[PDB]
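**Q** Protein sequences, first through last, are from chains AAA and AAA'. A prime marks a further copy of an entry chain. Mapped onto the authors' numbering, the consecutive letters of the first sequence carry residue numbers 10 to 172, 180 to 341. Mapped onto the authors' numbering, the consecutive letters of the second sequence carry residue numbers 10 to 172, 180 to 341.
There are 2 protein chains.
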Amino acid sequence: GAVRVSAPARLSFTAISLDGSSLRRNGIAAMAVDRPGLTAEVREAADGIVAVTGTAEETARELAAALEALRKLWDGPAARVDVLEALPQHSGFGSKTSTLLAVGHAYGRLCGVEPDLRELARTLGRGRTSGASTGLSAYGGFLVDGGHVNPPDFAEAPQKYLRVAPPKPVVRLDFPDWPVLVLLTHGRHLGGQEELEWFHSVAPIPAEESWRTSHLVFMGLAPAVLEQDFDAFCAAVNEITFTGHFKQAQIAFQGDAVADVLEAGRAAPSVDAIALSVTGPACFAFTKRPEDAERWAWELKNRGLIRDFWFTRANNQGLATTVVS
Amino acid sequence: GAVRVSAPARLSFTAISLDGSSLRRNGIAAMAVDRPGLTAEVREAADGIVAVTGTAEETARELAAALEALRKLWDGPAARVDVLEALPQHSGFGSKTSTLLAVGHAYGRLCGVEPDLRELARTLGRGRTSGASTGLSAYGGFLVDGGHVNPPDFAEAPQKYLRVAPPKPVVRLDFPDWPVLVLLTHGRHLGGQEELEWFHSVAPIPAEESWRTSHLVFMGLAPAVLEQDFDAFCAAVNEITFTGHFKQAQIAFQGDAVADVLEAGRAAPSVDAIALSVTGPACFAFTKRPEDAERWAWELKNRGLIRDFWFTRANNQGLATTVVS
Ligand SMILES: Nc1c([C@@H]2O[C@H](COP(=O)(O)O)[C@@H](O)[C@H]2O)n[nH]c1C(=O)O
Ligand SMILES: Nc1c([C@@H]2O[C@H](COP(=O)(O)O)[C@@H](O)[C@H]2O)n[nH]c1C(=O)O
Ligand code: NA
Ligand code: NA
Numbered sequence: 010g011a012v013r014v015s016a017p018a019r020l021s022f023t024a025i026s027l028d029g030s031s032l033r034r035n036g037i038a039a040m041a042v043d044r045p046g047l048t049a050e051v052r053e054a055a056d057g058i059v060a061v062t063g064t065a066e067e068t069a070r071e072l073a074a075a076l077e078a079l080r081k082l083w084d085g086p087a088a089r090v091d092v093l094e095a096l097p098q099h100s101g102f103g104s105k106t107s108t109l110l111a112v113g114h115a116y117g118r119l120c121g122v123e124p125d126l127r128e129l130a131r132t133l134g135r136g137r138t139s140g141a142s143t144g145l146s147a148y149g150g151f152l153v154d155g156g157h158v159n160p161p162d163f164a165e166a167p168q169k170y171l172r180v181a182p183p184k185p186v187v188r189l190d191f192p193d194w195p196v197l198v199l200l201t202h203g204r205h206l207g208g209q210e211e212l213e214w215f216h217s218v219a220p221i222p223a224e225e226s227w228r229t230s231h232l233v234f235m236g237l238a239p240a241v242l243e244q245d246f247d248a249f250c251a252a253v254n255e256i257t258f259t260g261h262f263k264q265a266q267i268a269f270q271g272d273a274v275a276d277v278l279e280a281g282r283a284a285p286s287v288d289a290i291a292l293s294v295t296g297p298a299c300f301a302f303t304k305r306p307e308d309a310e311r312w313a314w315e316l317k318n319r320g321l322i323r324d325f326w327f328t329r330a331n332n333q334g335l336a337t338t339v340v341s
Numbered sequence: 010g011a012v013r014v015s016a017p018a019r020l021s022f023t024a025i026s027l028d029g030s031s032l033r034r035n036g037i038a039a040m041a042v043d044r045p046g047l048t049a050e051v052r053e054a055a056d057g058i059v060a061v062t063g064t065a066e067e068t069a070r071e072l073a074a075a076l077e078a079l080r081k082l083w084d085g086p087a088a089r090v091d092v093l094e095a096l097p098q099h100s101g102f103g104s105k106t107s108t109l110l111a112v113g114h115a116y117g118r119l120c121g122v123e124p125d126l127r128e129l130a131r132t133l134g135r136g137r138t139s140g141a142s143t144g145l146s147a148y149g150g151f152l153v154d155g156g157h158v159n160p161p162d163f164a165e166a167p168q169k170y171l172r180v181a182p183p184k185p186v187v188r189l190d191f192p193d194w195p196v197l198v199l200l201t202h203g204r205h206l207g208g209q210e211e212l213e214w215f216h217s218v219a220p221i222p223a224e225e226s227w228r229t230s231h232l233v234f235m236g237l238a239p240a241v242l243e244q245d246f247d248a249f250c251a252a253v254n255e256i257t258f259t260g261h262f263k264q265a266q267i268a269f270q271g272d273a274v275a276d277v278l279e280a281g282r283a284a285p286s287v288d289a290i291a292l293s294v295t296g297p298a299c300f301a302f303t304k305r306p307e308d309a310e311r312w313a314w315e316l317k318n319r320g321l322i323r324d325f326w327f328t329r330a331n332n333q334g335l336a337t338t339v340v341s
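Here it is in structure tokens:
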């Protein structure tokens with residue numbers, strides 16, 4: 010037998026609370042989509058040897074380590090995982106957390122265990138700052154996690170904390193039946209030390225900017241999703257993309273390759289709103305005229321301003337498993 | 010037969026978005042408690058004449074009008090409602106909405122109808138600004154509604170809007193198993209035109225203040241509730257009570273009678289946090305030392321600084337109905 014697992018990608022709108030005086034830090038607004046997706050089959054390894062196929066080396070080593078640990082934890086068989094459809098690594102799709110939880114849950118099912126995904130996340134050391142991928146793995150839809158309570162020492166040295181349980185979702189909603197335009201831009205994958213050094217230049221952000229981001233997320237995005245108000249939703253997405261303090265810093269860190277696409281989407285009458293997922297290269301867009309947006313993205317792809325584009329829709333469930341032979 | 014309905018009071022922490030440039034207006038953070046409570050019995054009026062007992066005149070006239078309308082709407086019998094336990098009127102307990110929805114739903118049950126409470130609210134003209142009482146009637150617990158999308162004209166004349181469907185809850189959580197100390201202060205019930213004139217002096221509030229209130233609510237109160245973090249919860253409640261721009265204006269409008277109690281609660285080591293519900297007179301407090309807080313409130317009541325006090329707990333369900341004879 011095999012356990013077949015499917016999971017959605019995570020698209021992130023913004024991180025919220027990154028100032029040096031707030032009661033809490035982090036917080037992520039995010040949604041789940043069908044494409045790109047993860048599709049993987051977990052079965053007993055014939056030779057009793059853990060085996061991983063169909064991912065980049067970093068994720069494959071990490072899946073092997075996860076399977077060797079869960080094998081010891083649940084006293085299960087050595088597993089092979091064949092990843093038939095991989096989430097693109099370090100592209101703004103939340104691939105590591107989404108894949109570790111999907112495969113872990115699947116191996117869990119193979120072991121006759123039904124794991125808590127927040128616990129599995131903890132066990133595999135995921136969602137230290139973000140609860141987005143962890144929550145969407147469980148629920149799908151649109152979600153905002155409440156990040157982490159800040160300690161009394163926080164105001165003194167905000168840089169030590171900002172950088180064991182993943183934040184639970186303070187908002188979880190079904191995403192309306194609106195199509196999502198995914199835009200794969202030209203974008204570098206960021207340099208670990210270049211990134212840490214970049215983050216320590218931008219953060220802590222002004223307190224007022226944390227507050228405005230909470231306001232745009234909780235009193236902009238989230239009610240628009242809940243009330244299925246397309247115009248309200250797009251107004252909030254654009255306010256985040258084009259005015260969000262931390263988002264602006266992410267766009268500038270990625271540079272012209274992403275900025276040119278966001279400005280093109282804003283300019284285009286076929287694109288009602290557009291966003292950068294994390295630091296990309298994945299951007300995502302909303303349109304009440306997808307026929308027009310298709311034609312717009314096809315020309316950007318021809319010109320070589322983007323590498324690729326596709327329409328997808330929200331996943332309002334999270335991961336799914338089937339037994340197959 | 011009779012339908013016996015019980016419903017919790019609504020305690021309000023703060024209104025959120027009351028500036029002249031925000032994507033949305035209003036928004037309420039609130040919770041449901043057992044005491045004060047509503048307890049009412051709805052039966053067929055023997056003489057075929059609508060009858061209301063056990064409330065103040067304003068609410069009684071309004072319940073009669075509601076029963077005469079729902080009678081016509083659902084083609085039901087003339088009802089009598091005996092309100093055995095009334096929510097105190099205009100005291101910060103959300104009595105009108107809570108009572109209209111409880112009695113309407115009960116009469117509904119008498120008519121063999123199961124009404125949508127948001128629709129019933131609309132029908133009876135409730136939750137024009139607040140969704141707090143409407144949502145807590147349905148769910149109980151702790152909730153934050155997302156208020157109302159602001160029109161394009163809003164930025165021009167914010168005063169026209171600020172002042180048909182009630183806002184749905186963007187956050188709904190179970191309240192943890194913490195006791196709530198209710199403090200009934202000396203407080204005037206506000207003058208309709210004194211209030212409208214007061215509101216037009218304070219609102220619109222600065223944009224930065226709207227943003228900080230969203231931040232304290234969504235990235236303060238709500239995650240603390242979700243994670244059952246008492247110290248985090250109290251830190252957020254106090255930040256709202258003592259620094260909330262709009263809350264400060266409500267305290268100053270009510271004056272010394274409420275301000276003296278809030279300052280006493282803040283000063284008291286037995287009171288970890290305290291809040292004013294709307295403009296009161298009801299305040300409410302949290303304590304990890306309720307034995308000490310009991311002794312503190314007993315002395316304030318003896319001295320005559322408060323009229324009354326009681327402990328209660330959260331109601332995590334909303335209204336409940338039973339059939340009785
Ligand atoms: N910069 C991040 C992250 C980081 O990605 C990593 C994976 O996250 P998940 O896939 O577990 O959700 C985390 O380390 C988080 O810091 N998330 N959202 C953002 C954002 O800017 O919106
Ligand atoms: N100033 C209000 C109101 C008003 O009370 C009335 C009843 O509300 P519900 O009982 O339907 O929730 C509404 O008209 C609202 O404007 N609510 N919360 C507040 C607050 O300051 O927190
Ligand atoms: Na556009
Ligand atoms: Na105190």
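By construction, the Cβ of each residue, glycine as well, lies at the ideal position given by its N, Cα and C atoms.
Nearest to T143 of chain AAA by CA position, among AAA:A181, AAA:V253, AAA:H216, is which residue?
**A** That would be AAA:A181, whose Cα lies nearest to the Cα of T143 of chain AAA.
**Q** Taking the alpha-carbon positions, what's the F327 of chain AAA to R188 of chain AAA distance?
**A** Cα to Cα, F327 of chain AAA sits roughly 23 angstroms from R188 of chain AAA.
**Q** With DSSP run on the structure shown, which of helix, strand or coil describes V180 of chain AAA'?
**A** Note: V180 of chain AAA' maps to coil in three-state DSSP.
**Q** Flag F234 of chain AAA as yes if its beta-carbon sits less than 8 angstroms from any beta-carbon of chain AAA', otherwise no.
**A** Yes, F234 of chain AAA counts as interfacial toward chain AAA'.
**Q** Tell me which residues share the same chain as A275 of chain AAA and place their Cβ nearer than 8 angstroms to its Cβ, disregarding the 5 neighbours each side in the sequence.
**A** Excluding sequence neighbours, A275 of chain AAA sits near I267, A268.
**Q** Hey, is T201 of chain AAA close to ligand 1, as in C-beta under 7 angstroms from one of its heavy atoms?
**A** Flag unset: Cβ of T201 of chain AAA not near ligand 1.
**Q** Counting only Cβ pairs nearer than 9 angstroms, list the residues of chain AAA close to residue 179 of chain AAA'.
**A** Because residue 179 of chain AAA' lies between 172 and 180, and chain AAA' jumps straight from the first to the second, it has no atoms in this structure.
**Q** In the DSSP output, what is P124 of chain AAA' paired with across the bridge?
**A** DSSP lists no partner for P124 of chain AAA'.
**Q** What do you reckon, are the CB atoms on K317 of chain AAA' and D308 of chain AAA' nearer than 8 angstroms?
**A** No; because the gap between Cβ atoms is not below 8 angstroms, this pair is not in contact.
**Q** Comparing the C-beta of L126 of chain AAA' with each C-beta of chain AAA, is any distance below 8 angstroms?
**A** False, the Cβ-Cβ gap to chain AAA never drops below 8 angstroms.
**Q** When the Cα atoms are used, what is the spatial distance from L145 of chain AAA' to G334 of chain AAA'?
**A** Going by the C-alpha atoms only, they are around 5 angstroms apart.
**Q** If you run the structure through DSSP and keep just helix, strand and coil, what is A248 of chain AAA'?
**A** It is helical.
**Q** Any contact between the region 27-41 of chain AAA' and the region 70-90 of chain AAA'? By contact I mean 3 or more CB pairs, one from each, below 8 angstroms.
**A** Touching, no, given that fewer than three Cβ pairs across the two stretches are closer than 8 angstroms.
**Q** Can you check which of these residues, AAA:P297, AAA:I256, AAA:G271, AAA:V287, is closest to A24 of chain AAA by C-alpha distance?
**A** Among AAA:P297, AAA:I256, AAA:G271, AAA:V287, the Cα nearest to that of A24 of chain AAA is on AAA:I256.
**Q** From the DSSP output, which residues share a beta bridge with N35 of chain AAA'?
**A** Answer by DSSP bridge pairing, in chain order: AAA':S26.
**Q** Where DSSP assigns a beta bridge to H157 of chain AAA, which residues make up the other side?
**A** Looking at the DSSP assignment, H157 of chain AAA forms a beta bridge with AAA:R34.
**Q** What would DSSP say about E165 of chain AAA', mapped onto helix, strand or coil?
**A** In this structure, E165 of chain AAA' counts as coil in the three-state DSSP scheme.
**Q** For a quick check, are the C-beta atoms of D28 of chain AAA and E225 of chain AAA less than 8 angstroms apart?
**A** Contact flag set, yes.
**Q** What residue range is occupied by the uninterrupted alpha helix (DSSP H) comprising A309 of chain AAA?
**A** Start and end: 306-319.
**Q** Output yes if chain AAA' places a C-beta closer than 8 angstroms to the C-beta of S26 of chain AAA; else output no.
**A** Yes, contact with chain AAA'.
**Q** Taking Cβ-Cβ distances shorter than 7 angstroms, what residues in chain AAA pair up with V187 of chain AAA'?
**A** What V187 of chain AAA' touches in chain AAA: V186, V187.
**Q** Using beta-carbon positions only, say whether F102 of chain AAA and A18 of chain AAA come within less than 8 angstroms of one another.
**A** Yes, Cβ-Cβ distance for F102 of chain AAA and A18 of chain AAA is below 8 angstroms.
**Q** Comparing alpha-carbon positions, which option in AAA':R118, AAA':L72, AAA':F249 lies nearest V340 of chain AAA'?
**A** If we check each option's Cα against that of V340 of chain AAA', AAA':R118 comes out closest.
**Q** Distance, Cα to Cα, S293 of chain AAA' vs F300 of chain AAA'?
**A** Approximately 7 angstroms, taken between the alpha carbons.
**Q** Note down, in chain order, every chain AAA residue with its Cβ under 7 angstroms from the Cβ of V158 of chain AAA'.
**A** Per Cβ cutoff of 7 angstroms: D245, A248.
**Q** Alpha carbons only, please: which of AAA:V198, AAA:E279, AAA:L20, AAA:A55 is nearest the one belonging to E310 of chain AAA?
**A** Among AAA:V198, AAA:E279, AAA:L20, AAA:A55, the Cα nearest to that of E310 of chain AAA belongs to AAA:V198.
**Q** Beta-carbon within less than 6 angstroms of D193 of chain AAA''s beta-carbon, same chain only, minus the 5 sequence neighbours each way: which residues are those?
**A** So no residue of the chain qualifies.
**Q** Taking the alpha helix (DSSP H) that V59 of chain AAA belongs to, which residues open and close that run?
**A** Here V59 of chain AAA belongs to no alpha helix (DSSP H), and DSSP marks it neither H nor E.
**Q** Can you round the beta-carbon distance between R89 of chain AAA and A54 of chain AAA to whole angstroms, since I take them to be within the 8 angstroms contact cut?
**A** 4 angstroms between Cβ atoms; contact.
**Q** Looking at the strands, I want to know which residues DSSP matches up with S21 of chain AAA.
**A** Answer is AAA:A39, bridged to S21 of chain AAA.
**Q** Drop a sphere of 10 angstroms on the beta-carbon of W227 of chain AAA', count the other beta-carbons inside from all chains shown, and report buried for 16 or more, exposed for fewer.
**A** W227 of chain AAA' is buried by the Cβ-count criterion.
**Q** Say whether chain AAA' places a C-beta atom closer than 8 angstroms to the C-beta of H231 of chain AAA.
**A** Cβ-Cβ to chain AAA' under 8 angstroms: yes for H231 of chain AAA.
**Q** Quick one: is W227 of chain AAA' near chain AAA, going by C-beta distance under 8 angstroms?
**A** At least one chain AAA Cβ lies under 8 angstroms of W227 of chain AAA'.
**Q** Can you tell me the Cα-Cα spacing of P195 of chain AAA and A298 of chain AAA, whole angstroms?
**A** For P195 of chain AAA and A298 of chain AAA, the distance between alpha carbons rounds to 16 angstroms.
**Q** Excluding the 5 residues preceding and the 5 following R33 of chain AAA' in the sequence, name in chain order all residues of the same chain whose CB lies nearer than 8 angstroms to its CB.
**A** Taken in chain order, the residues that qualify are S26, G155, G156, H157, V158, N159.
**Q** Have a look at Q168 of chain AAA and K184 of chain AAA and give me their C-alpha separation to the nearest angstrom.
**A** Rounded to whole angstroms, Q168 of chain AAA to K184 of chain AAA spans 23 angstroms at the Cα level.
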